[PDB]
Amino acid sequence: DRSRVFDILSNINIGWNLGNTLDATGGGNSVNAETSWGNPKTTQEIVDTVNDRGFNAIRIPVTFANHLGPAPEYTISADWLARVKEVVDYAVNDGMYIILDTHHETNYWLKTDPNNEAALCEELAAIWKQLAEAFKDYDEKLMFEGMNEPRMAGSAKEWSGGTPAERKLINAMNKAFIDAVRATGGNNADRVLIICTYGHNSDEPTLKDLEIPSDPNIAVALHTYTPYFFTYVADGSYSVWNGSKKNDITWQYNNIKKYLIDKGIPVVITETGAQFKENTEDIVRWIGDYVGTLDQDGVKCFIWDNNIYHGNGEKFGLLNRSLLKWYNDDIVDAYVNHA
């Protein structure tokens, strides 16, 4: 019976990622990593704005790698831990629902080599122990997401669910994450712990191989920027949404139902969104089909927002952080009013 996770999650309207921020990897062992990819230092005002618009839930991606001491302790540098805590606290002050993850660890130590299971499991555990300790007293609105898109970068199946041996590794790493957090006690004993598939992929073979922990206070995370060719820019990508491709979303959702929802397993889309391609009207329609699909079973999603809209890059930006204004209110309206 996993109904406690469902009740907690049902309180979310819809979520928002503080993207390209604490996940950013410049600056080395320093708090400047936060601004290394060109975003301003996060403020209470920024979080207020996110919450006030209707995003009562927030994902705070954090890349810890460069702020970790040497193995085997992997001590998180105090300055970095304190800063992460500050940013989390912004959301706590606003009584928001919060996901804390580890993020671009995949650039560093998190390489899904089955033969290195122990070392990977131990490092993940050593990081989450310290995090779980630092957030021991935080209430049930704070959730942990162990990994972000855990995978072997450059591998043939990097972005399509990895290999069978890798997926078994993921199951072991998921288990190590849960184990380390539960062992810290306090509010971490029944805290919602959000696990993931290889690369956060949601294809049937990726889902089929997913070991579901017996721990009843967990949820499964997936990333679905579906369809890829609408949401991203690439050879073969399009910006028109007439509804013809709704099937690609429908098809994928049924697998998620088949393997998770219809077994009573909580599911969360911890990342989704569409890059701006001068196509407000189309994205609004896509949001209707996509989020409306998730709303069929009360599944919540968190929108990726990297604060890139005018300039070059992947245009997932929605909140102009420096002006505390939204880049595109029609798109945002569709998100926050999805119900």
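Numbers for residues come from their place in the sequence shown, where the first is 1.
Looking at the entry, does 245-253 or 105-113 show the higher mean C-alpha B-factor?
In the deposited entry, the stretch with the higher C-alpha B-factor mean is 245-253.
Mean CA B-factor: is it higher for 299-307 or for 277-285?
Between 277-285 and 299-307, it is 277-285 that shows the higher mean C-alpha B-factor.
Among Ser237, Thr184, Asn93, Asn148, single out the one with the highest C-alpha B factor in the record, please.
Checking the PDB record, the top C-alpha B-factor among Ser237, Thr184, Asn93, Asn148 is at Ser237.
If you compare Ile127, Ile194, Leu210, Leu142, which has the highest Cα B-factor in the entry?
Answer, based on the entry's C-alpha B-factors: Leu210.
For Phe316, does the deposited CA B-factor place it in the lowest, middle or highest third of the chain?
As the PDB entry reports it, the C-alpha B-factor of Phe316 lands in the middle third of its chain.
So where's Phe64 on the chain's Cα temperature factor ranking, which third?
According to the entry, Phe64 has a C-alpha B-factor in the chain's lowest third.
What third of the chain does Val233 rank in for C-alpha temperature factor, lowest, middle or highest?
Answer is highest: the recorded C-alpha B-factor places it there.
What third of the chain does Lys85 rank in for C-alpha temperature factor, lowest, middle or highest?
Middle third, going by the recorded CA B-factors of the chain.
Once the chain's modelled residues are ordered by C-alpha B factor and cut into thirds, is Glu123 in the lowest, middle or highest one?
Its C-alpha B-factor belongs to the lowest third of this chain's values.
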